Structures are given as C-alpha cells and as structure tokens.
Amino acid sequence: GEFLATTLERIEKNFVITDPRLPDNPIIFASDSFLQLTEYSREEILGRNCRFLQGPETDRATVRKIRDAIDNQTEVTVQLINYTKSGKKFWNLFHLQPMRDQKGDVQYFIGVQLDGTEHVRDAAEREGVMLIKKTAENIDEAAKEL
C-alpha cells in the first residue's frame, strides 16, 4: 500500500513518533505492529493526532494527564481504553516521552503502546512498564538521527 514501512517502522515493537512542529502534533512514523493492533493502514494514520484511537469509554481524566505531559515536555505512563478503526476495544498501557536533539530541544515525541485485555496492576503493570520504557529508550536511539 502507500507509505511502505521504513526500516524504523519495521522495528518489532508497537510505537509511533510525532512531530510537534506540524499541525496538531501528528504521527509521522507508525510501526507495523501499531498498524496491526489498530487496523488503520499507514496512509490512514500519518498526519493525524493519535487521539483518533479514543472513544466513548476512554477516561477523559487520563487523556488530560497525557495532554499535560506533552505541554510540560515530560514523560508519562498511563492506562486508557482505545479503539480500532472497526470500533474494537483494547486497554493501552501507554508511555510517552520527548526525544531531545543535541541542544536539548524537543524534536519528536515517542509513544509506546502495550495493548492488553484489562487494566493491569502489580506484577503485570510492572512488567509492562519495564517493556514499554525499555522500548522507548530503544526508539530514542533509533530516532535520534532521523
């Protein structure tokens, strides 16, 4: 289809990269795993703000925590309900962090999504956060020279 995956997007992890310089801080890279989870083609995702994954059962208090993290250029880890193109529900253990350039200025935001069947706690939450934080650090390396 349109927008053949870059090597970055073939990394075998669920992530997106946004560019805050573009209108509504939209997705510029989306991994193949993200595509498969959400059911959008890449051409349907690019240039859109990620909020299209939200729907009726998404907790708006949780969404505001993400908005505040982006505004304060800082990391956050939350869990929220998201929906596929066909309106299918999933829990999203989500981690955001900025990617900084060699002057320390925010160049991109990196988002890592761990989909699940339920809100997680205790060991499942800890193991999930371990995985998405390690992934985010990996994408910080992978995205630095884009």
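One-based numbering along the sequence shown.
Peer 1: Tell me which of 75-83 and 32-40 has the higher mean C-alpha B-factor in the deposited entry.
Peer 2: Per the PDB entry, the higher value belongs to 32-40.
Peer 1: Looking at the entry, does 93-101 or 112-120 show the higher mean C-alpha B-factor?
Peer 2: It is 112-120.
Peer 1: Please rank the C-alpha B-factors of the chain's modelled residues and tell me whether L53 sits in the lowest, middle or highest third.
Peer 2: Its C-alpha B-factor belongs to the middle third of this chain's values.
Peer 1: Using the B-factors in the PDB entry, rank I45's C-alpha atom against the chain and give the third, lowest, middle or highest.
Peer 2: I45: CA B-factor falls in the highest third of its chain.
Peer 1: For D19, does the deposited CA B-factor place it in the lowest, middle or highest third of the chain?
Peer 2: For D19, the deposited C-alpha B-factor lands in the lowest third.
Peer 1: Lowest, middle or highest third: where is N25 by C-alpha B factor in its chain?
Peer 2: Bottom third by C-alpha B-factor.
Peer 1: For the chain shown, is the CA B-factor of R60 in the lowest, middle or highest third of its modelled residues?
Peer 2: Its C-alpha B-factor belongs to the middle third of this chain's values.
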